[PDB]
>>> print(open('run.pdb').read())   # PDB, C-alpha atoms (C1' of nucleotides)
MODEL        1
ATOM      1  CA  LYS A   1      12.716 -32.991  13.240
ATOM      2  CA  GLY A   2      11.453 -29.443  13.676
ATOM      3  CA  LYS A   3       9.978 -29.327  17.184
ATOM      4  CA  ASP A   4      11.948 -26.774  19.252
ATOM      5  CA  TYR A   5      10.476 -23.609  17.666
ATOM      6  CA  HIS A   6       6.871 -22.586  17.057
ATOM      7  CA  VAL A   7       5.040 -20.805  14.226
ATOM      8  CA  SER A   8       1.793 -18.815  14.045
ATOM      9  CA  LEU A   9      -0.685 -17.895  11.298
ATOM     10  CA  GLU A  10      -1.184 -14.114  11.647
ATOM     11  CA  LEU A  11       0.965 -10.987  11.344
ATOM     12  CA  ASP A  12       0.699  -7.770  13.374
ATOM     13  CA  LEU A  13       2.966  -4.819  12.539
ATOM     14  CA  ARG A  14       0.974  -1.767  13.664
ATOM     15  CA  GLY A  15       2.718   1.445  12.607
ATOM     16  CA  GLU A  16       6.095  -0.071  11.726
ATOM     17  CA  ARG A  17       8.484   1.565   9.264
ATOM     18  CA  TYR A  18       9.613   0.186   5.904
ATOM     19  CA  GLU A  19      12.853  -1.504   6.974
ATOM     20  CA  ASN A  20      11.597  -2.728  10.357
ATOM     21  CA  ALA A  21       8.536  -4.089   8.565
ATOM     22  CA  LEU A  22      10.866  -5.829   6.104
ATOM     23  CA  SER A  23      12.889  -7.346   8.945
ATOM     24  CA  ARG A  24       9.816  -8.665  10.753
ATOM     25  CA  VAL A  25       7.995  -9.780   7.585
ATOM     26  CA  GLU A  26      10.899 -11.847   6.265
ATOM     27  CA  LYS A  27      11.217 -13.648   9.602
ATOM     28  CA  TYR A  28       7.450 -14.189   9.743
ATOM     29  CA  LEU A  29       7.352 -15.640   6.224
ATOM     30  CA  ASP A  30      10.402 -17.861   6.751
ATOM     31  CA  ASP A  31       9.127 -19.204  10.093
ATOM     32  CA  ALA A  32       6.639 -21.552   8.401
ATOM     33  CA  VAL A  33       9.356 -23.152   6.203
ATOM     34  CA  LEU A  34       9.632 -26.084   8.618
ATOM     35  CA  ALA A  35       5.923 -25.839   9.605
ATOM     36  CA  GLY A  36       3.966 -24.849   6.516
ATOM     37  CA  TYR A  37       0.375 -23.660   6.707
ATOM     38  CA  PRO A  38      -2.290 -22.540   4.189
ATOM     39  CA  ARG A  39      -1.849 -18.744   4.207
ATOM     40  CA  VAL A  40      -1.783 -15.620   6.387
ATOM     41  CA  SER A  41      -3.534 -12.249   6.582
ATOM     42  CA  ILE A  42      -1.999  -8.823   7.211
ATOM     43  CA  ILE A  43      -3.656  -5.938   9.083
ATOM     44  CA  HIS A  44      -2.300  -2.625  10.386
ATOM     45  CA  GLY A  45      -5.233  -0.276  10.784
ATOM     46  CA  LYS A  46      -4.107   2.724   8.740
ATOM     47  CA  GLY A  47      -0.841   4.423   7.836
ATOM     48  CA  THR A  48       0.796   7.446   6.181
ATOM     49  CA  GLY A  49       1.382   6.032   2.693
ATOM     50  CA  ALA A  50       1.316   2.967   0.458
ATOM     51  CA  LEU A  51       4.017   0.460   1.451
ATOM     52  CA  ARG A  52       1.506  -2.249   0.469
ATOM     53  CA  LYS A  53       3.101  -2.056  -2.988
ATOM     54  CA  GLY A  54       6.555  -2.938  -1.684
ATOM     55  CA  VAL A  55       5.164  -5.606   0.634
ATOM     56  CA  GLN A  56       3.205  -7.232  -2.205
ATOM     57  CA  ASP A  57       6.210  -7.127  -4.537
ATOM     58  CA  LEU A  58       8.458  -8.737  -1.922
ATOM     59  CA  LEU A  59       5.823 -11.398  -1.254
ATOM     60  CA  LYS A  60       5.466 -12.187  -4.960
ATOM     61  CA  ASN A  61       9.273 -12.435  -5.154
ATOM     62  CA  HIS A  62       9.438 -14.600  -2.006
ATOM     63  CA  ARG A  63      11.011 -18.009  -2.577
ATOM     64  CA  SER A  64       8.925 -20.152  -0.202
ATOM     65  CA  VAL A  65       5.560 -18.534  -1.080
ATOM     66  CA  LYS A  66       3.698 -20.135  -3.971
ATOM     67  CA  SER A  67       1.697 -16.940  -4.563
ATOM     68  CA  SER A  68      -0.095 -14.049  -2.875
ATOM     69  CA  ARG A  69      -3.772 -13.171  -3.306
ATOM     70  CA  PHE A  70      -6.432 -11.014  -1.647
ATOM     71  CA  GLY A  71      -9.307 -11.345   0.800
ATOM     72  CA  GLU A  72     -12.929 -12.423   0.443
ATOM     73  CA  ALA A  73     -15.969 -11.113   2.357
ATOM     74  CA  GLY A  74     -14.603 -12.421   5.654
ATOM     75  CA  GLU A  75     -11.201 -10.813   4.984
ATOM     76  CA  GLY A  76     -11.957  -7.092   4.816
ATOM     77  CA  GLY A  77     -12.664  -7.179   1.097
ATOM     78  CA  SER A  78     -10.055  -7.755  -1.588
ATOM     79  CA  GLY A  79      -7.836  -5.030  -0.107
ATOM     80  CA  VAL A  80      -6.283  -7.367   2.461
ATOM     81  CA  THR A  81      -3.035  -8.922   1.231
ATOM     82  CA  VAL A  82      -3.104 -12.725   1.568
ATOM     83  CA  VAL A  83       0.086 -14.776   1.212
ATOM     84  CA  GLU A  84      -0.751 -18.183  -0.273
ATOM     85  CA  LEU A  85       1.919 -20.590   0.949
ATOM     86  CA  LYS A  86       2.826 -23.790  -0.887
TER      87      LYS A  86
ATOM     88  CA  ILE B   1      -9.918   4.820 -26.523
ATOM     89  CA  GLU B   2      -7.116   5.260 -23.980
ATOM     90  CA  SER B   3      -8.719   7.375 -21.215
ATOM     91  CA  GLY B   4     -12.188   7.094 -19.728
ATOM     92  CA  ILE B   5     -14.331   7.845 -16.693
ATOM     93  CA  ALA B   6     -15.880   5.145 -14.496
ATOM     94  CA  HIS B   7     -19.154   6.095 -12.801
ATOM     95  CA  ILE B   8     -20.525   4.010  -9.933
ATOM     96  CA  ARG B   9     -23.741   4.551  -7.983
ATOM     97  CA  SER B  10     -23.500   3.534  -4.320
ATOM     98  CA  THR B  11     -27.109   2.996  -3.253
ATOM     99  CA  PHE B  12     -28.479   1.006  -0.309
ATOM    100  CA  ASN B  13     -29.903  -1.727  -2.584
ATOM    101  CA  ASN B  14     -27.656  -1.855  -5.669
ATOM    102  CA  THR B  15     -24.368  -0.703  -7.154
ATOM    103  CA  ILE B  16     -24.173   0.140 -10.853
ATOM    104  CA  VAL B  17     -20.880   0.546 -12.708
ATOM    105  CA  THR B  18     -20.520   2.353 -16.032
ATOM    106  CA  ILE B  19     -17.509   3.666 -17.953
ATOM    107  CA  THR B  20     -17.456   6.557 -20.426
ATOM    108  CA  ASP B  21     -15.136   8.694 -22.531
ATOM    109  CA  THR B  22     -14.045  12.250 -21.729
ATOM    110  CA  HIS B  23     -16.652  13.270 -24.314
ATOM    111  CA  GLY B  24     -19.244  11.562 -22.093
ATOM    112  CA  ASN B  25     -19.635   8.535 -24.377
ATOM    113  CA  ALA B  26     -20.385   5.166 -22.804
ATOM    114  CA  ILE B  27     -18.478   1.976 -23.613
ATOM    115  CA  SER B  28     -19.734  -0.687 -21.202
ATOM    116  CA  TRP B  29     -21.492  -1.134 -17.874
ATOM    117  CA  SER B  30     -22.243  -3.783 -15.272
ATOM    118  CA  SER B  31     -24.252  -4.335 -12.110
ATOM    119  CA  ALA B  32     -25.012  -6.801  -9.349
ATOM    120  CA  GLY B  33     -28.178  -7.754 -11.202
ATOM    121  CA  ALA B  34     -26.166  -8.023 -14.409
ATOM    122  CA  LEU B  35     -23.936 -10.581 -12.689
ATOM    123  CA  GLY B  36     -26.826 -12.498 -11.092
ATOM    124  CA  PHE B  37     -27.566 -11.035  -7.661
ATOM    125  CA  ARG B  38     -31.346 -10.650  -7.289
ATOM    126  CA  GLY B  39     -32.157 -10.030  -3.622
ATOM    127  CA  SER B  40     -30.693  -7.828  -0.928
ATOM    128  CA  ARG B  41     -27.336  -9.416  -1.816
ATOM    129  CA  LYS B  42     -26.969  -6.770  -4.540
ATOM    130  CA  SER B  43     -26.267  -4.227  -1.783
ATOM    131  CA  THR B  44     -23.327  -6.200  -0.392
ATOM    132  CA  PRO B  45     -19.842  -4.774  -1.051
ATOM    133  CA  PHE B  46     -18.931  -8.079  -2.686
ATOM    134  CA  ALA B  47     -21.494  -7.601  -5.454
ATOM    135  CA  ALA B  48     -20.114  -4.149  -6.258
ATOM    136  CA  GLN B  49     -16.590  -5.555  -6.143
ATOM    137  CA  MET B  50     -17.532  -8.195  -8.731
ATOM    138  CA  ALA B  51     -19.195  -5.441 -10.780
ATOM    139  CA  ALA B  52     -15.887  -3.580 -10.757
ATOM    140  CA  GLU B  53     -13.801  -6.254 -12.454
ATOM    141  CA  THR B  54     -16.474  -7.188 -15.000
ATOM    142  CA  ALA B  55     -16.518  -3.508 -15.963
ATOM    143  CA  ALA B  56     -12.716  -3.594 -16.157
ATOM    144  CA  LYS B  57     -12.812  -6.695 -18.369
ATOM    145  CA  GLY B  58     -15.334  -4.995 -20.641
ATOM    146  CA  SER B  59     -12.998  -1.990 -20.672
ATOM    147  CA  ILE B  60      -9.584  -3.496 -21.483
ATOM    148  CA  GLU B  61     -10.472  -5.121 -24.806
ATOM    149  CA  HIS B  62     -11.293  -1.642 -26.164
ATOM    150  CA  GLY B  63      -7.899  -0.435 -24.939
ATOM    151  CA  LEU B  64      -8.446   2.113 -22.151
ATOM    152  CA  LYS B  65      -5.826   2.450 -19.399
ATOM    153  CA  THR B  66      -6.326   5.598 -17.300
ATOM    154  CA  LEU B  67      -9.551   6.305 -15.407
ATOM    155  CA  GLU B  68     -10.938   8.601 -12.762
ATOM    156  CA  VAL B  69     -14.034   7.656 -10.830
ATOM    157  CA  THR B  70     -17.201   9.505  -9.833
ATOM    158  CA  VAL B  71     -19.166   8.006  -6.927
ATOM    159  CA  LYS B  72     -22.853   8.781  -6.381
ATOM    160  CA  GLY B  73     -25.001   8.186  -3.324
ATOM    161  CA  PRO B  74     -24.072   6.607   0.020
ATOM    162  CA  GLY B  75     -23.682   2.865   0.353
ATOM    163  CA  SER B  76     -21.461  -0.047   1.264
ATOM    164  CA  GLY B  77     -20.030  -0.154  -2.274
ATOM    165  CA  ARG B  78     -18.094   3.085  -1.793
ATOM    166  CA  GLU B  79     -14.809   1.418  -0.812
ATOM    167  CA  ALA B  80     -15.105  -1.994  -2.468
ATOM    168  CA  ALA B  81     -15.325  -1.139  -6.161
ATOM    169  CA  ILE B  82     -12.790   1.706  -6.187
ATOM    170  CA  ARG B  83      -9.972  -0.543  -4.982
ATOM    171  CA  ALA B  84     -11.369  -3.417  -7.034
ATOM    172  CA  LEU B  85     -10.536  -1.258 -10.062
ATOM    173  CA  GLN B  86      -6.825  -1.138  -9.239
ATOM    174  CA  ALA B  87      -7.027  -4.788  -8.189
ATOM    175  CA  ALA B  88      -8.125  -5.431 -11.784
ATOM    176  CA  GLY B  89      -4.825  -3.898 -12.955
ATOM    177  CA  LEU B  90      -6.222  -0.541 -14.083
ATOM    178  CA  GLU B  91      -5.123   2.914 -12.896
ATOM    179  CA  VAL B  92      -7.666   5.372 -11.474
ATOM    180  CA  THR B  93      -6.287   8.897 -11.321
ATOM    181  CA  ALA B  94      -8.882  10.670  -9.160
ATOM    182  CA  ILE B  95     -11.840  10.045  -6.859
ATOM    183  CA  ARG B  96     -14.786  12.447  -7.150
ATOM    184  CA  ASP B  97     -17.494  12.456  -4.468
ATOM    185  CA  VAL B  98     -20.118  14.033  -6.723
ATOM    186  CA  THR B  99     -23.618  13.396  -5.387
ATOM    187  CA  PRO B 100     -26.749  15.496  -5.964
ATOM    188  CA  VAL B 101     -26.962  17.705  -2.870
ATOM    189  CA  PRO B 102     -29.847  20.127  -3.508
ATOM    190  CA  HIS B 103     -29.867  23.370  -1.584
ATOM    191  CA  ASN B 104     -33.554  22.789  -0.852
ATOM    192  CA  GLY B 105     -34.636  20.769  -3.876
ATOM    193  CA  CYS B 106     -37.951  18.994  -3.601
ATOM    194  CA  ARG B 107     -39.701  17.982  -0.398
ATOM    195  CA  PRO B 108     -38.457  14.445   0.343
ATOM    196  CA  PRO B 109     -40.866  11.506   0.617
ATOM    197  CA  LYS B 110     -42.698  10.726   3.837
ATOM    198  CA  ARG B 111     -41.217   8.832   6.775
ATOM    199  CA  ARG B 112     -40.846   5.054   6.811
ATOM    200  CA  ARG B 113     -42.629   4.493  10.158
ATOM    201  CA  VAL B 114     -46.023   6.160   9.842
TER     202      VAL B 114
ATOM    203  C1'   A C   1      72.713  34.439  26.810
ATOM    204  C1'   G C   2      77.340  33.727  22.374
ATOM    205  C1'   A C   3      82.186  26.401  18.521
ATOM    206  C1'   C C   4      80.215  24.252  14.082
ATOM    207  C1'   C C   5      74.207  23.452   9.643
ATOM    208  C1'   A C   6      77.282  22.986   2.250
ATOM    209  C1'   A C   7      73.081  19.032  -0.688
ATOM    210  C1'   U C   8      68.313  16.262  -1.256
ATOM    211  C1'   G C   9      66.884  12.944 -10.544
ATOM    212  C1'   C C  10      62.200  11.836 -13.361
ATOM    213  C1'   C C  11      56.481  12.127 -12.870
ATOM    214  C1'   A C  12      51.441  12.002 -10.835
ATOM    215  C1'   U C  13      49.677  11.402  -5.979
ATOM    216  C1'   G C  14      43.800  10.643  -5.350
ATOM    217  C1'   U C  15      38.652   9.244  -3.008
ATOM    218  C1'   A C  16      34.183  12.326  -2.213
ATOM    219  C1'   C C  17      27.589  11.149  -3.356
ATOM    220  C1'   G C  18      22.436  13.421  -5.910
ATOM    221  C1'   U C  19      18.572   9.493   0.792
ATOM    222  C1'   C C  20      11.959   7.917   1.995
ATOM    223  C1'   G C  21       6.718   5.763   2.014
ATOM    224  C1'   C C  22       1.695  -0.053   4.721
ATOM    225  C1'   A C  23      -5.190  -1.546   4.292
ATOM    226  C1'   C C  24     -13.137  -3.359   7.466
ATOM    227  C1'   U C  25     -21.207  -3.177   6.596
ATOM    228  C1'   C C  26     -27.363  -1.883   9.823
ATOM    229  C1'   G C  27     -32.072  -5.064  11.994
ATOM    230  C1'   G C  28     -39.582 -10.033   9.896
ATOM    231  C1'   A C  29     -44.450 -11.843  12.747
ATOM    232  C1'   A C  30     -46.344 -12.190  17.699
ATOM    233  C1'   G C  31     -54.101 -11.995  19.022
ATOM    234  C1'   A C  32     -56.765 -13.092  24.039
ATOM    235  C1'   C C  33     -56.792 -14.583  29.746
TER     236        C C  33
ENDMDL
END
>>> encode(input="run.pdb", output="structure tokens")
Amino acid sequence: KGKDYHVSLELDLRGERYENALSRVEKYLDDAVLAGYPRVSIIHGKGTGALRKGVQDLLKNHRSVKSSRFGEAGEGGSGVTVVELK
Amino acid sequence: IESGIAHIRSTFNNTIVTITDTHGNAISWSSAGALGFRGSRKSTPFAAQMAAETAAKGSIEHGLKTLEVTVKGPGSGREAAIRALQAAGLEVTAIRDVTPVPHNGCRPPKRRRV
RNA sequence: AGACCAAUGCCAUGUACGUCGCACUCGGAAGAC
């Protein structure tokens, strides 16, 4: 039984660096292993570059994620990275 | 047919998309009305986003990879279609904000509330 | 301060560098007491 630890459905990493973002993102993605859920959305605001490429590549290589897709009209256009869980 | 130029009009009612060659020769085009939006929905960013990937699909089969985009007029479709292009797998090398800005031009039409 | 000091088989001994960045839009009709 998985009951002693809780999981959420949204990620917030405003202004984080590449490696800190990696550390928090991997934990966030692996949290739902025992409590799966449909998908999640990622928002930062704005930044000084394009680490979305690395984030998307890691998500597509993630073991417990079936796939990753993008957002509809209610999800800030198709620019928002959406992680489709199993 | 490897390089081209994608032109998109960003109006307040519609968003056209057209691609051309460096010699200014068209290949294919699309639009919200082309896809099936008839009303004010054509002005939504979603309609322009759809327009983007249909233009991309009409582009690939003729074998063009690299693009650079010219945007005309102000509208909600400014941000949608440009990133829809790279969402469609293509590669857009530059963004050009070319709009007709006359120095004085012609006297504009009357006001909307008289 | 002032006695005695003759000698150390062969090789090669390293490793070692050239560092940085994430994402949201403009708006019908409505008369009179």
>>> resolve_selection(input="run.pdb", expression="the PyMOL selection byres ((chain C) within 9 of (chain A))", output="PyMOL selection string")
chain C and resi 20-24
>>> write_last_selection(input="run.pdb", atoms="C-alpha atoms (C1' of nucleotides)", output="PDB file, in the coordinates of the input")
ATOM      1  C1'   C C  20      11.959   7.917   1.995  1.00  0.00           C
ATOM      2  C1'   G C  21       6.718   5.763   2.014  1.00  0.00           C
ATOM      3  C1'   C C  22       1.695  -0.053   4.721  1.00  0.00           C
ATOM      4  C1'   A C  23      -5.190  -1.546   4.292  1.00  0.00           C
ATOM      5  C1'   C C  24     -13.137  -3.359   7.466  1.00  0.00           C
TER       6        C C  24
END
>>> resolve_selection(input="run.pdb", expression="the PyMOL selection byres ((chain B and resi 12-26) around 7)", output="CSV table (one decimal) with C-alpha atoms, keeping the file's coordinate frame")
chain,number,residue,atom,x,y,z
B,3,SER,CA,-8.7,7.4,-21.2
B,4,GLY,CA,-12.2,7.1,-19.7
B,5,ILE,CA,-14.3,7.8,-16.7
B,6,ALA,CA,-15.9,5.1,-14.5
B,7,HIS,CA,-19.2,6.1,-12.8
B,8,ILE,CA,-20.5,4.0,-9.9
B,9,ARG,CA,-23.7,4.6,-8.0
B,10,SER,CA,-23.5,3.5,-4.3
B,11,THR,CA,-27.1,3.0,-3.3
B,27,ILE,CA,-18.5,2.0,-23.6
B,28,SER,CA,-19.7,-0.7,-21.2
B,29,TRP,CA,-21.5,-1.1,-17.9
B,30,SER,CA,-22.2,-3.8,-15.3
B,31,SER,CA,-24.3,-4.3,-12.1
B,32,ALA,CA,-25.0,-6.8,-9.3
B,40,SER,CA,-30.7,-7.8,-0.9
B,42,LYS,CA,-27.0,-6.8,-4.5
B,43,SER,CA,-26.3,-4.2,-1.8
B,48,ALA,CA,-20.1,-4.1,-6.3
B,51,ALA,CA,-19.2,-5.4,-10.8
B,52,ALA,CA,-15.9,-3.6,-10.8
B,55,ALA,CA,-16.5,-3.5,-16.0
B,75,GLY,CA,-23.7,2.9,0.4
B,77,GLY,CA,-20.0,-0.2,-2.3
>>> closest_atom_pairs(input="run.pdb", of="chain B", to="chain C", cutoff="9 Å", atoms="only C-alpha atoms (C1' of nucleotides)", output="tab-separated table")
residue	atom	partner	partner_atom	distance
B:44	CA	C:25	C1'	7.9
B:45	CA	C:25	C1'	7.9
B:76	CA	C:25	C1'	6.2
>>> interface_residues(input="run.pdb", of="chain B", to="chain A", cutoff="10 Å", atoms="only C-alpha atoms", output="list in words")
residues 44, 45, 46, 49, 79, 80, 81, 83, 84, 86 and 87 of chain B
>>> residues_around(input="run.pdb", residues="residue A:40", least_positions_apart="2", cutoff="7 Å", atoms="all atoms listed in the file", output="VMD selection string")
chain A and resid 9 to 10 42 82 to 83
>>> resolve_selection(input="run.pdb", expression="the PyMOL selection byres ((chain B and resi 88-101) around 9)", output="list in words")
residues 5, 6, 52, 53, 56, 57, 60, 64, 65, 66, 67, 68, 69, 70, 71, 72, 73, 74, 82, 83, 84, 85, 86, 87, 102, 103, 104 and 105 of chain B
>>> axis_aligned_box(input="run.pdb", around="stretch 17-32 of chain C", padding_each_side="3 Å", output="lines of an AutoDock Vina configuration file")
center_x = -14.6
center_y = 0.2
center_z = 9.1
size_x = 90.4
size_y = 32.5
size_z = 35.9
>>> atom_distance(input="run.pdb", atom1="atom CA of residue A:7", atom2="atom CA of residue A:31")
6.0 Å
>>> atom_distance(input="run.pdb", atom1="atom CA of residue A:29", atom2="atom CA of residue A:64")
8.0 Å
>>> atom_distance(input="run.pdb", atom1="atom CA of residue A:30", atom2="atom CA of residue A:71")
21.6 Å
>>> build_atoms(input="run.pdb", residues="stretch 28-41 of chain A", atoms="N, CA, C and O atoms", output="tab-separated table (two decimals), in the coordinates of the input")
chain	number	residue	atom	x	y	z
A	28	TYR	N	8.78	-13.59	9.64
A	28	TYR	CA	7.45	-14.19	9.74
A	28	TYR	C	7.18	-15.16	8.60
A	28	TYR	O	6.62	-16.24	8.80
A	29	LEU	N	7.58	-14.78	7.38
A	29	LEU	CA	7.35	-15.64	6.22
A	29	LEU	C	8.23	-16.88	6.27
A	29	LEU	O	7.79	-17.97	5.91
A	30	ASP	N	9.48	-16.73	6.71
A	30	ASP	CA	10.40	-17.86	6.75
A	30	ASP	C	10.17	-18.77	7.95
A	30	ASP	O	10.72	-19.88	7.97
A	31	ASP	N	9.39	-18.34	8.94
A	31	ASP	CA	9.13	-19.20	10.09
A	31	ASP	C	8.43	-20.49	9.67
A	31	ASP	O	8.81	-21.59	10.11
A	32	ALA	N	7.43	-20.39	8.80
A	32	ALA	CA	6.64	-21.55	8.40
A	32	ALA	C	7.37	-22.47	7.42
A	32	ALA	O	6.72	-23.40	6.92
A	33	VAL	N	8.65	-22.27	7.14
A	33	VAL	CA	9.36	-23.15	6.20
A	33	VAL	C	9.36	-24.58	6.73
A	33	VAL	O	9.10	-25.54	5.98
A	34	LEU	N	9.65	-24.75	8.02
A	34	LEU	CA	9.63	-26.08	8.62
A	34	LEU	C	8.23	-26.52	9.01
A	34	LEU	O	7.95	-27.72	9.08
A	35	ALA	N	7.32	-25.56	9.27
A	35	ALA	CA	5.92	-25.84	9.60
A	35	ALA	C	5.05	-25.00	8.67
A	35	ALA	O	4.61	-23.91	9.02
A	36	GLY	N	4.82	-25.53	7.47
A	36	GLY	CA	3.97	-24.85	6.52
A	36	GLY	C	2.51	-24.84	6.94
A	36	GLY	O	2.05	-25.67	7.72
A	37	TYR	N	1.78	-23.87	6.40
A	37	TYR	CA	0.38	-23.66	6.71
A	37	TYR	C	-0.27	-23.00	5.50
A	37	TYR	O	0.43	-22.50	4.61
A	38	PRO	N	-1.63	-23.00	5.42
A	38	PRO	CA	-2.29	-22.54	4.19
A	38	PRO	C	-1.91	-21.14	3.74
A	38	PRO	O	-1.42	-20.96	2.62
A	39	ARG	N	-2.11	-20.13	4.58
A	39	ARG	CA	-1.85	-18.74	4.21
A	39	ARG	C	-1.97	-17.89	5.46
A	39	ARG	O	-2.26	-18.38	6.55
A	40	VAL	N	-1.73	-16.58	5.29
A	40	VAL	CA	-1.78	-15.62	6.39
A	40	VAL	C	-2.48	-14.36	5.90
A	40	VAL	O	-2.63	-14.13	4.70
A	41	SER	N	-2.90	-13.53	6.85
A	41	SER	CA	-3.53	-12.25	6.58
A	41	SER	C	-2.79	-11.15	7.32
A	41	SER	O	-2.25	-11.36	8.41
